[PDB]
There are 2 protein chains.
Amino acid sequence: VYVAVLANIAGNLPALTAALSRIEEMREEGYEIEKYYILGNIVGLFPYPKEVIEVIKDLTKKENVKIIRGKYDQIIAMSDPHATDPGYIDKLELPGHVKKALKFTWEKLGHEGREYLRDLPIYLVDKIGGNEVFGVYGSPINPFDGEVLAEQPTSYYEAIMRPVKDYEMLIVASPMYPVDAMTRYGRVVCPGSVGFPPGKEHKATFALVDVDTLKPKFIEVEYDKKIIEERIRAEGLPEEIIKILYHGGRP
Amino acid sequence: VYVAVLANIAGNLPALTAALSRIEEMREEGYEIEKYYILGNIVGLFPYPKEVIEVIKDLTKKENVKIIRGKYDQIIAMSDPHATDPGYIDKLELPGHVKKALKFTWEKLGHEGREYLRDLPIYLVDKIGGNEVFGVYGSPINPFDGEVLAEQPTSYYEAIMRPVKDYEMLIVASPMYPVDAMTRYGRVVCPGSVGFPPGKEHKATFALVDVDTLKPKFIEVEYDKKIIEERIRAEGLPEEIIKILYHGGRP
Ligand code: NA
Ligand code: NA
Ligand SMILES: [Pt+2]
Ligand SMILES: [Pt+2]
Ligand SMILES: [Pt+2]
Ligand SMILES: [Pt+2]
């Protein structure tokens with residue numbers, strides 16, 4: 001019995017599709033999936049924002065699913081609901097290629113898609129087994145702009161867990177790699193990144209968390225970067241997004 | 001029955017003492033007070049940081065109390081746990097008089113006081129009645145630097161409640177004045193300020209939240225500012241803290 005924990009889809013439909021199909025295969029292999037946690041970014045740099053949302057909505061009907069929004073989702077959601085274009089984004093402190101990806105996302109979502117992100121919770125507060133879990137995109141101190149690093153010593157995660165020590169587990173998206181850090185205050189976990197490559201040769205990465213022990217099993221799944229590349233060019237988006245696709249980046 | 005909700009003690013012992021004494025008096029008059037929520041800032045501008053913590057500690061032994069830290073508390077907690085002086089504060093984006101108050105608080109607390117603040121939660125998550133409640137110092141988007149304003153239209157509070165709509169009530173400290181705004185997503189409440197005067201002729205302000213209806217009753221209690229003025233001068237702190245005591249300010 002496990003909870004499937006996914007993060008940072010970032011508008012990448014092929015990676016999301018590959019992760020969920022792998023989860024279905026693993027069900028056939030004796031892994032019982034009680035429920036799903038999906039952490040932002042939900043939409044972002046990659047050009048399938050409406051399709052990602054459709055897949056999540058179907059899953060939310062069929063399964064027990066809890067979702068929280070990430071930094072890119074918030075940039076879209078915070079906009080005036082009556083705005084006629086995504087011009088407000090150019091004022092923000094962001095790289096040029098990121099502004100263009102988010103303006104594209106804003107337009108392609110329409111009013112219904114923007115509204116869906118506005119309904120997304122910031123915080124995940126849940127129980128698995130007898131254990132209480134707290135989830136946030138960035139860090140406890142700063143939900144959208146906070147950054148928890150991967151590959152740090154136990155003391156690092158202990159200091160982060162301390163202000164949320166009421167909980168048995170903290171889940172964050174911002175490390176972008178698998179994190180599994182037992183501390184005196186609880187366990188800090190990052191499932192990895194489904195659709196936002198942090199480096200080269202990225203595989204869609206997520207975790208199955210054991211409901212009894214809270215130990216994560218990290219899973220990696222290949223997806224086709226070819227159709228994504230061809231979809232970016234066909235929508236007229238910066239060449240820098242293709243670089244991130246094959247070389248990595250930080251949101 | 002009621003929950004006593006208090007915020008922004010900010011190191012002001014006489015104001016905290018007067019509010020708690022009024023709560024005890026209202027219980028003598030036949031008010032059922034079952035628990036306490038205490039929101040930051042716990043310490044800050046006023047020169048009674050150690051004593052405020054002793055009153056809270058004693059109250060936590062005898063009553064059902066949930067506490068969260070505020071901006072000023074976080075600035076102290078953030079610091080390297082065996083730094084020798086509060087020199088790090090001089091590099092922060094804070095007015096001169098605020099820097100001096102916080103350096104004094106850092107020293108007066110000692111290691112044991114600094115560690116007490118490091119143990120305080122960021123988030124309040126609770127049930128009262130069958131109603132879920134979420135509390136944070138600043139705002140849901142930004143726990144320490146976020147600001148929810150008083151005296152805005154209903155639509156302003158609705159957009160703030162929307163990302164925490166899974167809850168029946170949001171409690172924030174940052175307005176500094178009583179707020180009680182029903183929205184379609186839940187009720188946004190600020191209890192007022194116990195020890196940080198927002199303007200002139202300040203009384204210690206807090207709320208009793210009806211457990212059934214979630215309607216706040218705002219209570220104002222008088223306290224002595226002259227003894228505080230005397231302690232500020234005796235301890236060498238800036239004249240601007242005295243100006244805040246009598247004419248108000250913002251953290
Ligand atoms: Na814990
Ligand atoms: Na609600
Ligand atoms: Pt904005
Ligand atoms: Pt272990
Ligand atoms: Pt710091
Ligand atoms: Pt209501």
# chains A, B, ... in the order shown; residues from 1 in each chain; ligands from 1
$ residues_near_ligand --ligand "ligand 2" --cutoff "7 Å" --atoms "only C-alpha atoms and all ligand atoms" --output "PyMOL selection string"
chain B and resi 165-169+185-186
$ write_last_selection --atoms "N, CA and C atoms" --output "short mmCIF file (atom, residue, chain, number, x, y, z; two decimals), in the first residue's frame"
data_model
loop_
_atom_site.label_atom_id
_atom_site.label_comp_id
_atom_site.auth_asym_id
_atom_site.auth_seq_id
_atom_site.Cartn_x
_atom_site.Cartn_y
_atom_site.Cartn_z
N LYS B 165 -9.39 27.63 0.51
CA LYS B 165 -10.84 27.43 0.62
C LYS B 165 -11.25 26.08 1.26
N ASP B 166 -10.30 25.15 1.40
CA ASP B 166 -10.56 23.91 2.11
C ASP B 166 -10.84 24.14 3.60
N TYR B 167 -10.56 25.35 4.09
CA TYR B 167 -10.76 25.72 5.48
C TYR B 167 -11.98 26.63 5.63
N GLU B 168 -12.61 26.60 6.80
CA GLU B 168 -13.76 27.45 7.14
C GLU B 168 -13.34 28.85 7.58
N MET B 169 -12.14 28.97 8.14
CA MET B 169 -11.60 30.25 8.58
C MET B 169 -10.08 30.36 8.32
N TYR B 185 -15.71 31.55 0.27
CA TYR B 185 -14.72 30.49 0.49
C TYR B 185 -14.40 30.28 1.98
N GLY B 186 -15.00 31.09 2.85
CA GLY B 186 -14.75 31.06 4.28
C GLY B 186 -14.54 32.45 4.85
#
$ residues_around --residues "residue 150 of chain A" --least-positions-apart "3" --cutoff "7 Å" --atoms "only C-alpha atoms" --output "ChimeraX atom specification"
/A:175,177,179
$ residues_around --residues "residue 35 of chain A" --least-positions-apart "3" --cutoff "6 Å" --atoms "only C-alpha atoms" --output "ChimeraX atom specification"
/A:3,64-65
$ closest_residue --among "B:171, B:78, B:15, B:207" --to "chain A" --atoms "only C-alpha atoms"
B:78
$ residues_near_ligand --ligand "ligand 4" --cutoff "10 Å" --atoms "only C-alpha atoms and all ligand atoms" --output "ChimeraX atom specification"
/A:180-183,187,213,215
$ closest_residue --among "B:200, B:247, B:91, B:162" --to "ligand 5" --atoms "only C-alpha atoms and all ligand atoms"
B:91
$ atom_distance --atom1 "atom CA of residue 245 of chain A" --atom2 "atom CA of residue 25 of chain A"
26.0 Å
